[PDB]
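Here is the structure we will look at.
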Amino acid sequence: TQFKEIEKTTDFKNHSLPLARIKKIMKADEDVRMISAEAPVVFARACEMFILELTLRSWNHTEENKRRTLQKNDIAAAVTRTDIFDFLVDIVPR
Amino acid sequence: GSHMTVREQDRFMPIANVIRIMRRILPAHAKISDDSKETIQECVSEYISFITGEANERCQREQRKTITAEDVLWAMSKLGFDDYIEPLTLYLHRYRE
Ligand SMILES: [Ca+2]
């Protein structure tokens, strides 16, 4: 996967996912004590990249089956083939 | 069998932001089922917890209390997100300028 940044008028920032909500998701692990303010900043772009790749790999399976609607079984196929997505197999079994 | 749970909204990214990203990488008239929208939104939270846990575990081994941006990139790399590291590192470095 080749990620690339698009410099672009009409974006207020360089991310579009809420830092405060990222922080709450990291804090639900009760073993997490303290979080630098920079860590959610990293995750806000990392989550966008992860969403793009998982969506694209799922859509590859959609097109393979001659469909124009992304379905949950397409996500399941993408999680099954992509080694870095192995941590998701319980989340999307099929 | 089965039992019930509550799906708390403050434990996931807002669905609108997630959907809007998904459509940037899909053809104009592609459709996304309701289950898919929820599933992607769940995978995102799992992704945060997966990477945070790896980073937090090392902090505990090193008796540090604060998860740093560097711990995040180290954990992403240790867990095999190789294509992610250079874009996030440059984004982090420009953020700091
Ligand atoms: Ca591999």
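Each chain in the structure tokens gets a letter, A, B and so on, in the order shown; residues start at 1 in every chain, and ligands are counted from 1 in the order they appear.
Within the 7 Å cut-off around segment 40-54 of chain B, using only C-alpha atoms and omitting residues fewer than 3 positions from it on the same chain, the listed residues are residues 25, 26, 47 and 88 of chain A; 12, 13, 15, 18, 36, 37, 57, 58, 72, 75 and 76 of chain B.
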File of the preceding selection, N, CA, C and O atoms, as a PDB file, in the first residue's frame:
ATOM      1  N   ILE A  25     -10.968   6.440  23.683  1.00  0.00           N
ATOM      2  CA  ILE A  25     -10.797   5.051  23.268  1.00  0.00           C
ATOM      3  C   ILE A  25      -9.484   4.487  23.801  1.00  0.00           C
ATOM      4  O   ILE A  25      -9.438   3.329  24.238  1.00  0.00           O
ATOM      5  N   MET A  26      -8.398   5.282  23.807  1.00  0.00           N
ATOM      6  CA  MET A  26      -7.175   4.747  24.415  1.00  0.00           C
ATOM      7  C   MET A  26      -7.302   4.568  25.924  1.00  0.00           C
ATOM      8  O   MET A  26      -6.673   3.665  26.491  1.00  0.00           O
ATOM      9  N   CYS A  47      -5.558   6.566  11.856  1.00  0.00           N
ATOM     10  CA  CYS A  47      -6.877   5.966  11.708  1.00  0.00           C
ATOM     11  C   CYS A  47      -7.448   6.253  10.334  1.00  0.00           C
ATOM     12  O   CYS A  47      -8.115   5.398   9.747  1.00  0.00           O
ATOM     13  N   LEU A  88      -8.022  -8.390  13.605  1.00  0.00           N
ATOM     14  CA  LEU A  88      -9.441  -8.125  13.421  1.00  0.00           C
ATOM     15  C   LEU A  88     -10.290  -9.371  13.174  1.00  0.00           C
ATOM     16  O   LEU A  88     -11.504  -9.231  13.025  1.00  0.00           O
TER      17      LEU A  88
ATOM     18  N   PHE B  12     -16.513   5.080  19.959  1.00  0.00           N
ATOM     19  CA  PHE B  12     -16.247   4.920  18.534  1.00  0.00           C
ATOM     20  C   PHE B  12     -16.120   6.286  17.873  1.00  0.00           C
ATOM     21  O   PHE B  12     -16.639   7.294  18.363  1.00  0.00           O
ATOM     22  N   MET B  13     -15.445   6.303  16.731  1.00  0.00           N
ATOM     23  CA  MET B  13     -15.395   7.513  15.933  1.00  0.00           C
ATOM     24  C   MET B  13     -16.783   7.831  15.392  1.00  0.00           C
ATOM     25  O   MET B  13     -17.556   6.917  15.092  1.00  0.00           O
ATOM     26  N   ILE B  15     -19.775   8.279  13.094  1.00  0.00           N
ATOM     27  CA  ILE B  15     -19.995   7.511  11.869  1.00  0.00           C
ATOM     28  C   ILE B  15     -19.834   8.396  10.637  1.00  0.00           C
ATOM     29  O   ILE B  15     -19.304   7.954   9.613  1.00  0.00           O
ATOM     30  N   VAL B  18     -16.232   8.771   9.566  1.00  0.00           N
ATOM     31  CA  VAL B  18     -15.729   7.515   9.019  1.00  0.00           C
ATOM     32  C   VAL B  18     -16.235   7.317   7.597  1.00  0.00           C
ATOM     33  O   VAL B  18     -15.461   7.018   6.680  1.00  0.00           O
ATOM     34  N   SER B  36     -21.712  -2.687   7.067  1.00  0.00           N
ATOM     35  CA  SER B  36     -20.336  -2.321   6.746  1.00  0.00           C
ATOM     36  C   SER B  36     -19.929  -1.052   7.473  1.00  0.00           C
ATOM     37  O   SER B  36     -18.828  -0.971   8.027  1.00  0.00           O
ATOM     38  N   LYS B  37     -20.804  -0.043   7.474  1.00  0.00           N
ATOM     39  CA  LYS B  37     -20.482   1.198   8.174  1.00  0.00           C
ATOM     40  C   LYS B  37     -20.184   0.931   9.645  1.00  0.00           C
ATOM     41  O   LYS B  37     -19.149   1.366  10.164  1.00  0.00           O
ATOM     42  N   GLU B  57       2.364  -1.546  26.950  1.00  0.00           N
ATOM     43  CA  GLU B  57       3.065  -2.658  27.590  1.00  0.00           C
ATOM     44  C   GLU B  57       4.552  -2.377  27.722  1.00  0.00           C
ATOM     45  O   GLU B  57       5.163  -2.712  28.743  1.00  0.00           O
ATOM     46  N   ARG B  58       5.152  -1.777  26.698  1.00  0.00           N
ATOM     47  CA  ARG B  58       6.566  -1.469  26.788  1.00  0.00           C
ATOM     48  C   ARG B  58       6.826  -0.414  27.861  1.00  0.00           C
ATOM     49  O   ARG B  58       7.755  -0.565  28.668  1.00  0.00           O
ATOM     50  N   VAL B  72       4.029   5.197  20.089  1.00  0.00           N
ATOM     51  CA  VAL B  72       3.021   4.802  19.111  1.00  0.00           C
ATOM     52  C   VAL B  72       3.679   4.324  17.822  1.00  0.00           C
ATOM     53  O   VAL B  72       3.331   3.254  17.291  1.00  0.00           O
ATOM     54  N   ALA B  75       5.354   1.050  18.281  1.00  0.00           N
ATOM     55  CA  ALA B  75       4.434  -0.085  18.378  1.00  0.00           C
ATOM     56  C   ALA B  75       3.832  -0.416  17.022  1.00  0.00           C
ATOM     57  O   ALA B  75       3.687  -1.589  16.678  1.00  0.00           O
ATOM     58  N   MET B  76       3.490   0.605  16.229  1.00  0.00           N
ATOM     59  CA  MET B  76       3.000   0.347  14.880  1.00  0.00           C
ATOM     60  C   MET B  76       4.030  -0.433  14.070  1.00  0.00           C
ATOM     61  O   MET B  76       3.696  -1.404  13.380  1.00  0.00           O
TER      62      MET B  76
END
Counting only C-alpha atoms, which residues of chain A come no farther than 6 Å from chain B, as a short mmCIF file (atom, residue, chain, number, x, y, z; two decimals) with N, CA and C atoms, in the first residue's frame?
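Dumped to result_12.cif:
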data_model
loop_
_atom_site.label_atom_id
_atom_site.label_comp_id
_atom_site.auth_asym_id
_atom_site.auth_seq_id
_atom_site.Cartn_x
_atom_site.Cartn_y
_atom_site.Cartn_z
N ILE A 25 -10.97 6.44 23.68
CA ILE A 25 -10.80 5.05 23.27
C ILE A 25 -9.48 4.49 23.80
N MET A 34 -1.06 7.55 31.46
CA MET A 34 -0.94 8.90 30.91
C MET A 34 -0.62 8.88 29.42
N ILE A 35 -1.19 9.84 28.69
CA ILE A 35 -1.10 9.90 27.23
C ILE A 35 -0.58 11.28 26.82
N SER A 36 0.58 11.31 26.16
CA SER A 36 1.06 12.58 25.60
C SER A 36 0.00 13.19 24.70
N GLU A 38 0.59 14.40 21.96
CA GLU A 38 0.94 14.11 20.57
C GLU A 38 0.43 12.75 20.10
N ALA A 39 0.23 11.81 21.02
CA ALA A 39 -0.21 10.47 20.62
C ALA A 39 -1.56 10.51 19.90
N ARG A 68 -21.68 -3.76 -6.62
CA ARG A 68 -21.42 -2.33 -6.45
C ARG A 68 -21.78 -1.85 -5.04
N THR A 69 -21.98 -2.76 -4.09
CA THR A 69 -22.26 -2.44 -2.69
C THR A 69 -21.25 -3.14 -1.80
N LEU A 70 -20.51 -2.36 -1.00
CA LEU A 70 -19.56 -2.93 -0.04
C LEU A 70 -20.32 -3.59 1.11
N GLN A 71 -20.10 -4.89 1.30
CA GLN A 71 -20.82 -5.68 2.29
C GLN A 71 -19.85 -6.24 3.32
N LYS A 72 -20.41 -6.69 4.44
CA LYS A 72 -19.59 -7.11 5.57
C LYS A 72 -18.70 -8.30 5.21
#
Surrounding residues of residue 15 of chain A excluding itself and chain neighbours under 6 positions, 9 Å, only C-alpha atoms, as a tab-separated table (two decimals) with N, CA, C and O atoms, in the first residue's frame:
chain	number	residue	atom	x	y	z
A	41	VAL	N	-2.69	12.83	18.18
A	41	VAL	CA	-2.44	13.51	16.92
A	41	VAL	C	-1.94	12.51	15.88
A	41	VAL	O	-2.37	12.53	14.72
A	44	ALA	N	-4.86	10.19	14.81
A	44	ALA	CA	-5.90	10.82	14.00
A	44	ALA	C	-5.61	10.66	12.51
A	44	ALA	O	-6.55	10.48	11.72
A	45	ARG	N	-4.33	10.76	12.11
A	45	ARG	CA	-3.96	10.43	10.73
A	45	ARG	C	-3.86	8.93	10.53
A	45	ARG	O	-4.27	8.42	9.49
A	48	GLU	N	-7.20	7.45	9.80
A	48	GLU	CA	-7.66	7.75	8.45
A	48	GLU	C	-7.00	6.82	7.43
A	48	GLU	O	-7.67	6.22	6.59
As a quick test: using only C-alpha atoms and all ligand atoms, which residues lie no more than 9 Å away from ligand 1? Give them as a PDB file with C-alpha atoms, in the first residue's frame.
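See part_3.pdb below for the written result:
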ATOM      1  CA  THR A  82      -4.056  -9.044   4.906  1.00  0.00           C
ATOM      2  CA  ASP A  83      -1.575 -10.160   7.572  1.00  0.00           C
ATOM      3  CA  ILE A  84      -1.534  -6.774   9.339  1.00  0.00           C
TER       4      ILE A  84
ATOM      5  CA  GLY B  80       4.075  -4.747  11.185  1.00  0.00           C
TER       6      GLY B  80
END
DSSP strand (DSSP E or B) residues within chain A, listed as a PyMOL selection string: chain A and resi 34-35+69-70
Can those selected residues be exported to a file as a PDB file, in the first residue's frame so that it contains C-alpha atoms?
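Okay, result38.pdb is ready:
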ATOM      1  CA  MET A  34      -0.943   8.905  30.914  1.00  0.00           C
ATOM      2  CA  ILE A  35      -1.097   9.905  27.235  1.00  0.00           C
ATOM      3  CA  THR A  69     -22.259  -2.438  -2.694  1.00  0.00           C
ATOM      4  CA  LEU A  70     -19.563  -2.932  -0.044  1.00  0.00           C
TER       5      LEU A  70
END
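Between atom CA of residue 62 of chain B and atom CA of residue 32 of chain A there is a distance of 13.9 Å.
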Helix (DSSP H, G or I) positions in chain A, given as a ChimeraX atom specification: /A:19-27,38-64,72-81,83-88
Preceding selection exported with N, CA and C atoms as a short mmCIF file (atom, residue, chain, number, x, y, z; two decimals), in the first residue's frame:
data_model
loop_
_atom_site.label_atom_id
_atom_site.label_comp_id
_atom_site.auth_asym_id
_atom_site.auth_seq_id
_atom_site.Cartn_x
_atom_site.Cartn_y
_atom_site.Cartn_z
N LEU A 19 -9.77 14.38 18.19
CA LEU A 19 -8.74 13.95 19.13
C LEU A 19 -9.33 13.52 20.46
N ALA A 20 -10.39 14.20 20.93
CA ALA A 20 -10.92 13.87 22.25
C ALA A 20 -11.51 12.46 22.27
N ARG A 21 -12.16 12.04 21.18
CA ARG A 21 -12.75 10.71 21.13
C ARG A 21 -11.68 9.62 21.00
N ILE A 22 -10.58 9.90 20.28
CA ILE A 22 -9.43 9.00 20.23
C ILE A 22 -8.88 8.78 21.64
N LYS A 23 -8.77 9.86 22.40
CA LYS A 23 -8.22 9.78 23.75
C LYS A 23 -9.08 8.89 24.64
N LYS A 24 -10.41 9.04 24.58
CA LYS A 24 -11.28 8.18 25.38
C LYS A 24 -11.14 6.71 24.98
N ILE A 25 -10.97 6.44 23.68
CA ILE A 25 -10.80 5.05 23.27
C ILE A 25 -9.48 4.49 23.80
N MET A 26 -8.40 5.28 23.81
CA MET A 26 -7.18 4.75 24.42
C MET A 26 -7.30 4.57 25.92
N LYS A 27 -8.08 5.40 26.59
CA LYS A 27 -8.15 5.32 28.05
C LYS A 27 -9.04 4.18 28.54
N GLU A 38 0.59 14.40 21.96
CA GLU A 38 0.94 14.11 20.57
C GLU A 38 0.43 12.75 20.10
N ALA A 39 0.23 11.81 21.02
CA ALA A 39 -0.21 10.47 20.62
C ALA A 39 -1.56 10.51 19.90
N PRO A 40 -2.61 11.16 20.41
CA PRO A 40 -3.85 11.22 19.62
C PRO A 40 -3.66 11.91 18.28
N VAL A 41 -2.69 12.83 18.18
CA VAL A 41 -2.44 13.51 16.92
C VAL A 41 -1.94 12.51 15.88
N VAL A 42 -1.05 11.60 16.29
CA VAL A 42 -0.59 10.53 15.40
C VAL A 42 -1.75 9.62 14.99
N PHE A 43 -2.57 9.19 15.96
CA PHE A 43 -3.67 8.26 15.70
C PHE A 43 -4.70 8.87 14.77
N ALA A 44 -4.86 10.19 14.81
CA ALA A 44 -5.90 10.82 14.00
C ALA A 44 -5.61 10.66 12.51
N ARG A 45 -4.33 10.76 12.11
CA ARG A 45 -3.96 10.43 10.73
C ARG A 45 -3.86 8.93 10.53
N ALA A 46 -3.30 8.20 11.50
CA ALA A 46 -3.17 6.75 11.35
C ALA A 46 -4.52 6.08 11.16
N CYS A 47 -5.56 6.57 11.86
CA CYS A 47 -6.88 5.97 11.71
C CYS A 47 -7.45 6.25 10.33
N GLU A 48 -7.20 7.45 9.80
CA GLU A 48 -7.66 7.75 8.45
C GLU A 48 -7.00 6.82 7.43
N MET A 49 -5.68 6.66 7.54
CA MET A 49 -4.97 5.73 6.66
C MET A 49 -5.50 4.31 6.79
N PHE A 50 -5.75 3.86 8.03
CA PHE A 50 -6.25 2.51 8.23
C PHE A 50 -7.63 2.34 7.61
N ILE A 51 -8.49 3.35 7.74
CA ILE A 51 -9.81 3.30 7.14
C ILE A 51 -9.71 3.23 5.62
N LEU A 52 -8.78 3.98 5.04
CA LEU A 52 -8.64 3.96 3.59
C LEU A 52 -8.21 2.59 3.10
N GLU A 53 -7.25 1.98 3.79
CA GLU A 53 -6.72 0.73 3.29
C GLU A 53 -7.73 -0.40 3.46
N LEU A 54 -8.36 -0.49 4.64
CA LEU A 54 -9.35 -1.54 4.88
C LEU A 54 -10.54 -1.39 3.93
N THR A 55 -10.95 -0.15 3.65
CA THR A 55 -12.05 0.06 2.73
C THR A 55 -11.66 -0.40 1.32
N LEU A 56 -10.43 -0.07 0.90
CA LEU A 56 -9.99 -0.39 -0.45
C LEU A 56 -9.83 -1.89 -0.65
N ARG A 57 -9.24 -2.59 0.33
CA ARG A 57 -9.08 -4.04 0.23
C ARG A 57 -10.42 -4.75 0.25
N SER A 58 -11.38 -4.23 1.02
CA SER A 58 -12.73 -4.80 1.01
C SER A 58 -13.39 -4.57 -0.35
N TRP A 59 -13.24 -3.36 -0.89
CA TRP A 59 -13.82 -3.05 -2.20
C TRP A 59 -13.20 -3.90 -3.31
N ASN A 60 -11.93 -4.29 -3.17
CA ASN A 60 -11.36 -5.21 -4.15
C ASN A 60 -12.16 -6.50 -4.19
N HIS A 61 -12.55 -7.01 -3.03
CA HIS A 61 -13.35 -8.22 -2.97
C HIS A 61 -14.75 -7.99 -3.53
N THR A 62 -15.33 -6.82 -3.26
CA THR A 62 -16.62 -6.47 -3.86
C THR A 62 -16.56 -6.57 -5.38
N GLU A 63 -15.59 -5.89 -5.99
CA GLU A 63 -15.49 -5.89 -7.44
C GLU A 63 -15.24 -7.29 -7.97
N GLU A 64 -14.45 -8.09 -7.24
CA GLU A 64 -14.21 -9.48 -7.65
C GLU A 64 -15.51 -10.26 -7.77
N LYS A 72 -20.41 -6.69 4.44
CA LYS A 72 -19.59 -7.11 5.57
C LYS A 72 -18.70 -8.30 5.21
N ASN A 73 -19.20 -9.23 4.38
CA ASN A 73 -18.38 -10.34 3.94
C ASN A 73 -17.19 -9.90 3.07
N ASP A 74 -17.24 -8.70 2.46
CA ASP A 74 -16.07 -8.16 1.78
C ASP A 74 -15.00 -7.70 2.78
N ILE A 75 -15.43 -7.05 3.87
CA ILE A 75 -14.52 -6.71 4.95
C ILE A 75 -13.89 -7.96 5.54
N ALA A 76 -14.70 -9.01 5.75
CA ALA A 76 -14.18 -10.26 6.30
C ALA A 76 -13.12 -10.87 5.39
N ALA A 77 -13.33 -10.83 4.08
CA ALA A 77 -12.32 -11.35 3.16
C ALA A 77 -11.04 -10.53 3.24
N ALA A 78 -11.16 -9.20 3.33
CA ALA A 78 -9.97 -8.36 3.40
C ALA A 78 -9.18 -8.63 4.68
N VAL A 79 -9.89 -8.88 5.79
CA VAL A 79 -9.21 -9.14 7.05
C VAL A 79 -8.52 -10.50 7.01
N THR A 80 -9.09 -11.45 6.28
CA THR A 80 -8.53 -12.80 6.17
C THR A 80 -7.24 -12.83 5.35
N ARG A 81 -7.15 -11.99 4.31
CA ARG A 81 -5.99 -12.01 3.41
C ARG A 81 -4.82 -11.14 3.86
N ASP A 83 -2.17 -9.70 6.31
CA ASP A 83 -1.58 -10.16 7.57
C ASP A 83 -1.67 -9.11 8.67
N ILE A 84 -1.47 -7.83 8.33
CA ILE A 84 -1.53 -6.77 9.34
C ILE A 84 -2.94 -6.58 9.89
N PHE A 85 -3.95 -7.21 9.28
CA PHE A 85 -5.31 -7.14 9.77
C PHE A 85 -5.70 -8.37 10.56
N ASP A 86 -4.75 -9.24 10.89
CA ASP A 86 -5.09 -10.46 11.60
C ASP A 86 -5.79 -10.16 12.93
N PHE A 87 -5.37 -9.10 13.64
CA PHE A 87 -5.98 -8.75 14.92
C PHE A 87 -7.48 -8.50 14.81
N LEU A 88 -8.02 -8.39 13.61
CA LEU A 88 -9.44 -8.12 13.42
C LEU A 88 -10.29 -9.37 13.17
#
